[PDB]
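The chain that follows stands alone, in the form deposited without the partner chain, written as structure tokens.
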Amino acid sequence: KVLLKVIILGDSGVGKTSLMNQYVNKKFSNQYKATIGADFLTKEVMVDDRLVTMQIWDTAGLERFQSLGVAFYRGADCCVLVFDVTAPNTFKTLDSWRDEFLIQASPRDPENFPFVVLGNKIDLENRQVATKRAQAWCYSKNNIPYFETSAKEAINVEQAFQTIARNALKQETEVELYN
């Protein structure tokens, strides 16, 4: 019935595509990253006694062109911010990814717009971004829920999208888009 649009954002190489395929296809593969990346990908899931169809948009196309981001982000219901726990430069950029999304997606209520932050690739060594640091940042931004994840080993992927959908569904129940 109800349709949720989900944007996935983050510097390339943080594991956006890999997180998509893990959530949707239960698989660790980033293949065909120029046909499904910069493209939808879909999963019918159940969300609190509501049958949802979730469109998950990968930003891997990631053209500097702001003109793309406007209609691409248009009507997003949730935005998933992803960084590499082992790459500190990808955590510093979360500020501008969130801001760029908000001014281009232009939702009516930005301060309550549902974001989720994924600290991906936690199955590595030399994790250079500290958990407490990322939760500090997330709460700083109006208590964004934060998960550490592994697309490779399938850790907290399903959990995070359960939250994503739930929070997105409390924001899409304000607009209503069934099918």
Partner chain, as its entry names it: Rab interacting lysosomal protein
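Residue numbers count along the first chain shown, from 1. The term rigid core refers to the most C-alpha atoms you can superpose between the two forms while keeping them within 1.5 Å. Residues that one form lacks are left out of the comparison.
Omitted here: the form solved in complex with the partner chain. The next part is about that form.
In terms of contact with the partner chain in the entry with it bound, the residue from 136, 46, 130, 68 that brings a heavy atom within 4.5 Å is 68. Interface residue remark: residue 33 is counted as part of the site for the partner chain in the entry with it bound, having a heavy atom within 4.5 Å.
Contact annotation for residue 38: at least one heavy atom lies within 4.5 Å of the partner chain in the entry with it bound. The partner chain in the entry with it bound is not approached by residue 142, whose heavy atoms all lie more than 4.5 angstroms from it. At a distance threshold of 4.5 angstroms between non-hydrogen atoms, residue 75 is in contact with the partner chain in the entry with it bound.
Not one of 24, 148 and 159 is positioned with any heavy atom within 4.5 Å of the partner chain in the entry with it bound.
Contacts to the partner chain in the entry with it bound (heavy atom within 4.5 Å) from stretch 149-178: 173, 174, 175, 176, 177, 178. Once you line up the core between this form and the one not shown, the CA of 30 is the only one from 135, 30, 53, 150 that shifts by 2 Å or more. Core-aligned CA deviation for residue 123 between this form and the one not shown: less than 2 Å. Residue 41 is not among the residues whose C-alpha shifts by 2 Å or more between this form and the one not shown once the rigid core is aligned; its shift stays under 2 Å. Once both forms are fitted on their rigid core, the CA atom of residue 112 lies less than 2 Å apart between this form and the one not shown. In the entry with it bound, the separation between the C-alpha atoms of residue 55 and residue 31 grows by 3 Å or more relative to the displayed form.
Inter-residue distance, residue 36 to residue 87 (Cα): reduced by at least 3 Å in the entry with it bound versus the depicted form. After superposition on the rigid core, the segments of 3 or more consecutive residues displaced by 2 Å or more at every C-alpha between this form and the one not shown are found at 29-37, 61-70, 172-179.
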